[PDB]
K.L.:
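A single structure is presented below for examination.
Numbering of ligands and ligand atoms starts at 1, following listing order. Protein chains get the first letters and strands the later ones, always in sequence-line order, with residue 1 at the start of each. Values below: all heavy atoms of this structure, side chains included; hydrogens, waters and symmetry mates excluded.
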Amino acid sequence: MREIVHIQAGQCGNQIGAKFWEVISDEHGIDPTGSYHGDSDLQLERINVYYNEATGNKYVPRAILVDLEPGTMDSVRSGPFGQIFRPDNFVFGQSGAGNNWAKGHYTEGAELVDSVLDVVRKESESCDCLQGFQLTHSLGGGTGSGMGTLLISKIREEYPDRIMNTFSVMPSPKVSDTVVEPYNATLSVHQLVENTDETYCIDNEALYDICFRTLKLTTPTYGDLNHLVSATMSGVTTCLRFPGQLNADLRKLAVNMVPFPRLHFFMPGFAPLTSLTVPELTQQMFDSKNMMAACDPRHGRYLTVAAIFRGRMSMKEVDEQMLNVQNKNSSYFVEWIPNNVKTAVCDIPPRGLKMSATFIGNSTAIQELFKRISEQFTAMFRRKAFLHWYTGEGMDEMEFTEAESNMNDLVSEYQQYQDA
Amino acid sequence: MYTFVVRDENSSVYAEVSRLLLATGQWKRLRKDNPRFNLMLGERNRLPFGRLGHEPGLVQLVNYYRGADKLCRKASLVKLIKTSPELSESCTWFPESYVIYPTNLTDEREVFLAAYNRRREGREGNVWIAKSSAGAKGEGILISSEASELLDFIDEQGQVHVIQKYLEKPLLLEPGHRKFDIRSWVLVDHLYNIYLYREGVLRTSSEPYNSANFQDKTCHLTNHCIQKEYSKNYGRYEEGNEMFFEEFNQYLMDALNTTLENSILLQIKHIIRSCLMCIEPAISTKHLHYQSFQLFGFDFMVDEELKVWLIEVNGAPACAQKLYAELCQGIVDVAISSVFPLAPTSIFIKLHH
Amino acid sequence: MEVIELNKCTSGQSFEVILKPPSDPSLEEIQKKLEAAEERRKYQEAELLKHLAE
Amino acid sequence: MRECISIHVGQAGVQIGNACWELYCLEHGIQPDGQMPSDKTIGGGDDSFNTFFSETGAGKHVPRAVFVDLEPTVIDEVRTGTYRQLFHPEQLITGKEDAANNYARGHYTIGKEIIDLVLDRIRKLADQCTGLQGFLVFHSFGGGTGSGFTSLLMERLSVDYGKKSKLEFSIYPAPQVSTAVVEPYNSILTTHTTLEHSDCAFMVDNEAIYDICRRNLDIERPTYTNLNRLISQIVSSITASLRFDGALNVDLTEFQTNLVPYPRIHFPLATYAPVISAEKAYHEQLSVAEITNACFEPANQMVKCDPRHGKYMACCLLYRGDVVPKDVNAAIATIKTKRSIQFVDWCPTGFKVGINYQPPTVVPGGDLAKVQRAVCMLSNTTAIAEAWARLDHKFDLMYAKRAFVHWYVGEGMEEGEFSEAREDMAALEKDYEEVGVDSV
Ligand SMILES: *[C@H]1CC(=O)C[C@H](C)CCCC(=O)O[C@H]([C@H](O)NC(=O)/C=C\C=C\C)C/C(C)=C/[C@@H]2C[C@H](C)C[C@H](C1)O2
Ligand SMILES: Nc1nc2c(ncn2[C@@H]2O[C@H](COP(=O)(O)OP(=O)(O)OP(=O)(O)O)[C@@H](O)[C@H]2O)c(=O)[nH]1
Ligand SMILES: Nc1ncnc2c1ncn2[C@@H]1O[C@H](COP(=O)(O)OP(=O)(O)CP(=O)(O)O)[C@@H](O)[C@H]1O
Ligand SMILES: Nc1nc2c(ncn2[C@@H]2O[C@H](COP(=O)(O)OP(=O)(O)O)[C@@H](O)[C@H]2O)c(=O)[nH]1
Ligand SMILES: COc1ccc(-c2ccc(OC)c(=O)cc2)c(OC)c1OC
Ligand SMILES: [Ca+2]
Ligand SMILES: [Mg+2]
Ligand SMILES: [Mg+2]
Ligand SMILES: [Mg+2]
């Protein structure tokens with residue numbers, strides 16, 4: 001199990017995804033033209049996980065760029081590393097999805113999905129042993145949300161035994177483009193609950209607050225939020241991208257982080273986030289301010305945690321400090337999953353830092369995220385507000401009732417394990 | 001922050017230790033089955049010693065010595081003594097005792113009658129007592145001068161028992177012509193230092209000693225629970241039939257022209273050390289992956305010659321009400337904070353070995 | 001304390017010391033277990049594909 | 001001469017197997033290319049070392065070993081490592097996707113597909129044996145391959161080689177050492193399925209090896225390489241009697257005869273002494289009495305547990321180096337009067353002693369100092385049931401909420417196999433209790 005197929009859909013999924021390939025291309029020593037110029041062989045050992053090797057010693061991201069309108073893709077092609085993607089791996093239409101999940105899922109997106117699946121199959125067929133798929137997208141718009149979840153369904157149908165992993169940006173009223181975001185997100189969460197194995201939940205308000213309250217950026221842009229996401233995505237994929245103590249792939253991750261199939265929505269975090277020591281990395285990576293789901297972990301309990309340290313540092317002080325925090329936060333870890341906190345280390349630090357830490361928590365506190373979405377959804381749905389945008393695409397109110405009912409069920413299942 | 005768990009609800013001693021640990025601000029009580037504790041205050045039975053000492057990054061400490069039951073069960077005490085050369089069949093401070101398993105369930109039944117018959121050829125006091133660990137507070141015992149009556153009682157019971165020579169010449173406190181027993185509290189720490197709490201207690205009897213009838217049993221048994229239920233003058237001479245060392249030492253001076261230390265404590269200290277040094281190789285945690293301490297209750301009898309006799313060792317003792325605060329503080333100071341420092345004139349006598 | 005069965009050679013020796021005297025499933029059944037587990041995997045998959053068809 | 005086939009399953013089994021064959025080559029003077037100059041019978045012989053090594057016409061001495069893993073990266077290191085030339089390709093078997101830490105994936109889904117190839121490769125080795133005595137099987141409890149594929153392989157070995165002894169070396173899971181959350185499930189599932197197929201199994205607790213490596217070798221953060229070089233020392237001291245001239249433990253059946261009176265209670269405790277750091281320049285050498293008394297210190301045991309609080313059924317002392325029987329007898333008498341050594345009253349209080357005169361060999365540049373004398377004690381004590389209690393308890397915490405169970409059911413395993421496996425461990429814990437505890 002080596003190759004991962006990456007998919008990025010819609011404006012948000014494509015802008016975060018572009019940044020992700022920029023960051024990991026740097027780490028692995030690939031330049032904007034796909035040529036390797038690295039000082040270490042740790043960089044090439046697991047390069048095939050994310051890059052196809054072409055003739056001429058070039059490495060091409062195993063990446064598929066999807067959108068229902070051309071703008072963001074054009075931006076990407078003109079971007080820093082735009083020329084590194086396979087040109088025939090851009091798949092886009094002209095109409096757009098109007099921030100409308102029904103257009104992404106059922107109409108506009110349905111017209112385009114087969115050609116996306118052609119490229120997916122072409123990337124999969126040239127895999128020695130496909131691990132699975134990683135999708136980047138937002139849940140609040142139309143393409144990444146509606147078409148993204150459509151893609152996931154059709155990938156599951158064609159590759160039912162592969163791991164499906166998403167980086168899903170969750171809308172917040174504080175950092176919002178349209179009022180329909182709660183509708184699009186409630187509809188998508190229903191899909192994610194049934195069809196992914198691992199979903200990193202990234203809350204745009206959490207990203208904003210980190211940029212504004214902690215990093216002291218007077219006026220964050222989406223670019224500032226996306227720099228945080230790409231840093232975190234580099235962190236959570238370190239163990240896939242570099243050798244180490246662990247034999248780490250997407251399946252071992254799901255087996256160890258997901259005790260019940262539906263509870264697979266992780267809170268990620270990054271450290272340091274300050275405006276230099278191991279105890280500093282460790283204290284930060286465990287407080288709410290470094291987490292990206294806008295959920296207070298102290299309001300719930302961790303079922304499982306994965307922590308990945310990067311840089312030269314004392315493994316002894318690492319293990320020592322991890323074991324310390326588990327007593328400061330003794331009550332916030334469930335007692336019926338022994339040894340549910342896994343530490344991994346990588347020697348290679350991210351650019352611009354001597355050391356760093358990425359946190360992946362499966363905490364019952366993430367129920368707060370789905371509660372917020374559910375309340376916003378219900379405030380509008382009780383009055384059927386904005387629904388004509390969806391009924392106009394052939395959808396029926398009952399599909400909204402079922403999505404709301406499924407998400408409220410999800411909330412109740414988290415609460416069940418928080419009292420166990 | 002240090003962490004501990006409570007697994008014996010009915011413990012007066014550790015209930016107080018628990019409280020003191022919170023009151024220092026640096027101890028958190030976790031839930032009963034949380035494995036990431038520094039200290040376990042264990043259950044009295046089937047404590048999971050096998051689960052201690054495998055939590056990485058945690059020094060773990062438990063308030064019981066695994067194996068100490070060998071001293072703290074009446075039948076095993078007898079066995080241990082007769083089979084350990086340091087103690088021996090010839091031990092001078094332990095009453096002649098035999099393990100008698102009842103037929104309705106190796107047995108020393110024959111060896112007992114052999115020595116019993118010798119005494120019958122004596123006109124010497126041939127009174128004995130049958131006891132067991134299944135005793136309640138405090139019934140479950142029989143005092144008889146007749147051998148067949150003792151084996152009849154035990155076989156009525158169908159449980160492991162011991163027969164033990166009754167001390168026919170107890171030291172009798174005056175006024176009152178009354179019998180007593182001495183309880184000493186002993187704390188053994190993780191280094192196997194043996195600490196005798198400077199405060200003991202005599203559990204006195206309020207009824208004059210009566211060699212005529214061992215049938216009554218109230219002037220013969222010194223248990224506090226007994227005296228409150230089947231007595232006559234419970235509380236006449238001392239509050240709660242509890243005499244403490246300061247008064248008892250004064251008594252020994254005034255009446256006998258000696259001291260508690262010379263006439264009794266040397267022997268108590270000798271016995272305690274003997275018993276505990278004997279089992280030390282079997283129960284010591286010096287090189288174990290977890291650590292133990294334990295509080296013991298030693299019960300002694302004094303004869304009219306001022307000779308001290310070990311009666312039994314209790315592995316889960318309660319304290320006297322007047323002494324809880326001092327002793328429990330002493331546990332925290334000596335057995336816990338010694339392993340987990342927080343941030344006098346000791347109340348204990350260290351028994352050197 | 002007595003020693004018995006002392007054997008010596010150029011490479012070493014062995015002996016015993018006594019301190020006190022004393023007082024399957026067939027291939028068919030396996031294949032069936034592995035096929036029954038495979039049937040269950042296939043059944044769960046068909047349910048998934050049937051749900052995706054809906 | 002009767003041959004032994006070693007089988008190494010999964011990452012732990014393969015990496016431990018690597019350490020062992022490396023050490024065996026040092027002990028017998030076999031070079032990484034397989035040439036053995038001290039071997040005068042070229043292409044053939046029935047020397048003691050031939051139980052583990054066959055020989056080609058070109059003078060190459062080839063381990064009687066199969067390495068199997070459901071993923072290729074660990075065995076690939078063998079294929080390209082220092083000892084690549086030792087093994088031929090047919091004896092290195094890899095699949096493509098591993099068991100993902102999931103017993104059910106290794107046992108059912110993926111194991112079904114590779115098991116027949118493994119047997120074919122093992123049959124090739126068997127066909128070169130004039131008198132195969134059986135198999136030494138190395139694996140982790142916690143890995144999906146080490147647990148699941150191993151239990152499948154053991155079942156099939158009992159069918160295809162019903163009269164042959166099967167010994168295990170099993171790595172018991174420790175959170176100090178890269179343990180996955182579901183390792184207690186896998187450990188219990190594989191123990192249940194393997195119990196009736198294994199004649200004798202030596203458990204090595206990674207926590208004990210880790211601590212010995214920290215405390216005696218002054219390695220702050222032991223790697224698998226550190227851990228495996230120490231384990232291979234113990235394994236080699238356990239197998240030396242099959243590989244060298246001697247009269248104690250000369251065939252696999254003798255391990256059962258000398259250590260396992262009750263067949264289910266087949267888990268001897270290994271204790272090993274002395275373990276001395278090679279970086280420790282000045283070191284005084286330990287006496288027979290000293291290394292033998294060390295065998296009763298929990299800190300030197302392969303599994304941390306308290307033998308004072310259980311009973312012994314059998315006890316073997318395996319010495320390497322400058323040791324004569326007189327010192328062993330004087331050491332034992334001394335220890336018998338200083339230690340809590342209670343036997344069950346239906347076995348004699350006694351020790352079987354084996355001395356090999358060649359001192360332990362150590363890997364050049366390793367962490368272990370050369371010593372004049374070492375000893376491995378194999379004792380079948382009920383105290384080892386502590387390790388089952390610990391593991392069963394972690395199983396219980398998770399299973400009570402059915403955590404992670406869906407991953408196993410998802411590969412075609414029935415939930416009931418969990419409770420069946422757990423009830424079998426409950427019974428096993430009872431067996432140790434009735435064997436070794438006085439009711440009083
Ligand atoms: C992204 C770099 C950018 O384009 C912007 C800058 C050049 C600077 C980025 C700085 C950054 O965001 O720093 C944060 C954090 O504020 N830094 C610290 O707290 C540093 C030391 C504190 C000690 C107590 C850290 C981040 C998010 C770094 C990421 C890591 C990546 C993988 C690459 C991006 C480059 O920066
Ligand atoms: N001592 C030691 N333990 C190891 C080694 N490799 C893995 N382990 C332990 O074995 C357990 C993990 O199982 P592995 O052997 O790695 O897994 P596997 O058998 O290859 O199974 P899958 O990878 O799940 O297909 C953990 O308890 C590890 O600590 C090793 O080389 N030495
Ligand atoms: N051999 C003996 N000679 C004289 N009196 C004896 C005796 N054995 C016991 N007694 C009396 O019996 C009383 C209780 O005996 P024992 O101590 O065996 O019971 P017990 O264990 O139920 C109470 P505790 O556990 O608090 O000591 C003692 O206080 C003592 O007075
Ligand atoms: N973090 C982040 N959020 C974005 C970005 N672009 C849009 N969003 C958020 O994504 C949602 C809108 O979806 P979008 O991706 O623009 O629509 P789509 O093209 O139809 O998939 C809203 O929640 C926006 O807040 C981005 O670049 N970064
Ligand atoms: C591919 O990368 C990984 C694969 C597996 C793990 C992992 C996580 C968490 C665990 O316990 C909750 C665990 O036991 C094992 C592995 C993991 O966490 C370290 C990984 O890095 C994030
Ligand atoms: Ca030869
Ligand atoms: Mg948009
Ligand atoms: Mg008592
Ligand atoms: Mg593996």
K.L.:
Using a heavy-atom cut-off of under 4.0 Å, does the side chain or the backbone of A:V305 touch ligand 5, or both, or neither?
P.N.:
backbone
K.L.:
Would the distance check show the side chain of B:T218 and the main-chain N or O of B:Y230 forming a donor-acceptor pair, the cut-off being under 3.5 Å?
P.N.:
yes
K.L.:
At less than 4.0 angstrom from any non-hydrogen atom of B:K131, what atoms of ligand 3 do you find?
P.N.:
8 (N), 9 (C), 18 (O)
K.L.:
Please determine if B:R203 and B:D181 form a salt bridge, counting it only when a charged side-chain N lies under 4.0 Å from a carboxylate O.
P.N.:
yes
K.L.:
Given side chains that start at C-beta, do those of A:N247 and D:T73 come closer than 4.5 Å, heavy atoms only?
P.N.:
yes
K.L.:
Can you tell me if CH2 on A:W336 sees more than 12 non-hydrogen neighbours from other groups inside 6.0 Å?
P.N.:
yes
K.L.:
Mark up the atoms of ligand 5 that fall under 4.0 Å of a heavy atom belonging to D:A180, in ascending order.
P.N.:
14 (O)
K.L.:
Just to confirm my output: which protein heavy-atom neighbour is closest to atom 19 (C) of ligand 5, and how far is it?
P.N.:
A:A344 CB, 3.7 Å
K.L.:
Taking only heavy atoms of B:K165, which atoms of ligand 3 are found under 4.0 Å from at least one of them?
P.N.:
1 (N), 2 (C)
K.L.:
Give the residue and atom name of whichever protein heavy atom lies nearest to atom 1 (N) of ligand 3, and the separation in Å to one decimal.
P.N.:
B:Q164 OE1, 2.8 Å
K.L.:
Which atoms of ligand 5 sit under 4.0 Å from any heavy atom of D:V181?
P.N.:
11 (O), 12 (C), 14 (O)
K.L.:
Testing the 3.5 Å rule here: is there a donor-acceptor pair between the side chains of B:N241 and B:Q227?
P.N.:
yes
K.L.:
Flag the pair A:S145 / A:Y183 as yes when at least one side-chain heavy-atom distance between them is below 4.5 Å, and no otherwise.
P.N.:
no
K.L.:
Any heavy-atom pair between the side chains of B:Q164 and B:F94 that's under 4.5 Å?
P.N.:
yes
K.L.:
With side chain to side chain donor-acceptor pair (under 3.5 Å) as the test, pick out the partner of A:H264 among A:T196, A:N165, A:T166, A:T199.
P.N.:
A:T196
K.L.:
How far is atom 3 (C) of ligand 5 from its nearest protein heavy atom, and which residue and atom is that?
P.N.:
A:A248 CB, 3.5 Å
K.L.:
Of the protein's non-hydrogen atoms, which lies at the shortest distance from atom 3 (N) of ligand 3, and what is that distance?
P.N.:
B:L167 N, 2.9 Å
K.L.:
With heavy atoms under 4.0 Å as the rule, classify the contact between B:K179 and ligand 3 as side chain, backbone, both or neither.
P.N.:
side chain
K.L.:
What part of A:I308 sits under 4.0 Å from ligand 5 if we count only heavy atoms: the side chain, the backbone, both or neither?
P.N.:
side chain
K.L.:
Just go through B:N223, B:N314, B:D299 and tell me whose heavy atom is the nearest to atom 14 (C) of ligand 3.
P.N.:
B:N223
K.L.:
Mind checking whether A:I360 contacts ligand 5 via backbone (N, CA, C, O), side chain (CB onward), both or neither, at a 4.0 Å heavy-atom cut-off?
P.N.:
side chain
K.L.:
Any donor-acceptor pair under 3.5 Å linking the side chain of A:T143 with the backbone of A:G10?
P.N.:
no
K.L.:
Would you confirm whether D:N101, through its side chain, and A:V255, through its main-chain N or O, come within 3.5 Å as a donor-acceptor pair?
P.N.:
no
K.L.:
Closer than 4.0 Å to some heavy atom of A:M257 - which atoms of ligand 5 meet that?
P.N.:
9 (C), 12 (C)
K.L.:
Quick check: does A:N99 put an N/O/S atom under 2.8 Å from the Mg ion (ligand 7)?
P.N.:
no
K.L.:
Between A:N362, A:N339, A:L253, A:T304, which one has a non-hydrogen atom sitting closest to atom 17 (C) of ligand 5?
P.N.:
A:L253
K.L.:
Out of all atoms in ligand 3, which are within 4.0 Å of some heavy atom of B:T222? Include the element for each.
P.N.:
28 (C), 29 (O), 30 (C), 31 (O)
K.L.:
Give the numbers and elements of all ligand 3 atoms closer than 4.0 Å to a heavy atom of B:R183.
P.N.:
26 (O)
K.L.:
With a 4.0 Å cut-off on heavy atoms, is B:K74 touching ligand 3?
P.N.:
yes
K.L.:
Hey, which atoms in ligand 5 end up nearer than 4.0 Å to a heavy atom of A:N340?
P.N.:
12 (C)
K.L.:
Taking the side chain as everything from C-beta on, heavy atoms only, tell me whether A:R251 gets closer than 4.5 Å to A:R162.
P.N.:
yes
K.L.:
For atom 15 (C) of ligand 5, which candidate among A:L240, A:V236, A:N256 provides the closest heavy atom?
P.N.:
A:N256
K.L.:
Should A:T358 be listed as contacting ligand 5, given a heavy-atom distance under 4.0 Å as the test?
P.N.:
no
K.L.:
Could you find the nearest protein heavy atom to atom 11 (C) of ligand 3 and give me its residue, atom name and distance?
P.N.:
B:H220 O, 4.0 Å
K.L.:
Report the relative orientation of the aromatic rings in B:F214 and B:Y166; use parallel for angles under 30°, tilted for 30 to 60°, perpendicular for over 60°.
P.N.:
perpendicular
K.L.:
Given the rule in the ring pair (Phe, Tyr, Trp, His ring centres under 6.0 Å) test, do A:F20 and A:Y50 qualify, once you have shown the distances and angles that lead to the verdict?
P.N.:
CA-CA 11 Å; A:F20 164 71; A:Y50 283 95; 5.7 Å; yes
K.L.:
Got the closest protein heavy atom to atom 18 (O) of ligand 5, with its distance?
P.N.:
A:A306 CB, 3.2 Å
K.L.:
Tell me: protein heavy atom nearest atom 21 (O) of ligand 5, and distance?
P.N.:
A:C239 CB, 3.6 Å
K.L.:
Starting from atom 17 (O) of ligand 3, which protein heavy atom do you reach first, and at what distance in Å?
P.N.:
B:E312 OE2, 3.5 Å
K.L.:
Suppose I only count heavy atoms of A:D249 and a 4.0 Å limit; which atoms of ligand 5 are within that range?
P.N.:
1 (C), 4 (C)
K.L.:
Can you label the angle between the A:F286 ring and the A:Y302 ring as parallel, tilted or perpendicular, going by 30° and 60°?
P.N.:
perpendicular
K.L.:
When only distance counts, is B:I129 in polar contact with ligand 3, meaning an N/O pair under 3.5 Å?
P.N.:
no
K.L.:
Looking only at side-chain N and O atoms, does A:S234 offer a donor or acceptor that is under 3.5 Å from a partner on A:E27?
P.N.:
yes
K.L.:
Under 3.5 Å, side chain of A:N204 to main-chain N/O of A:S172, donor-acceptor pair present?
P.N.:
no
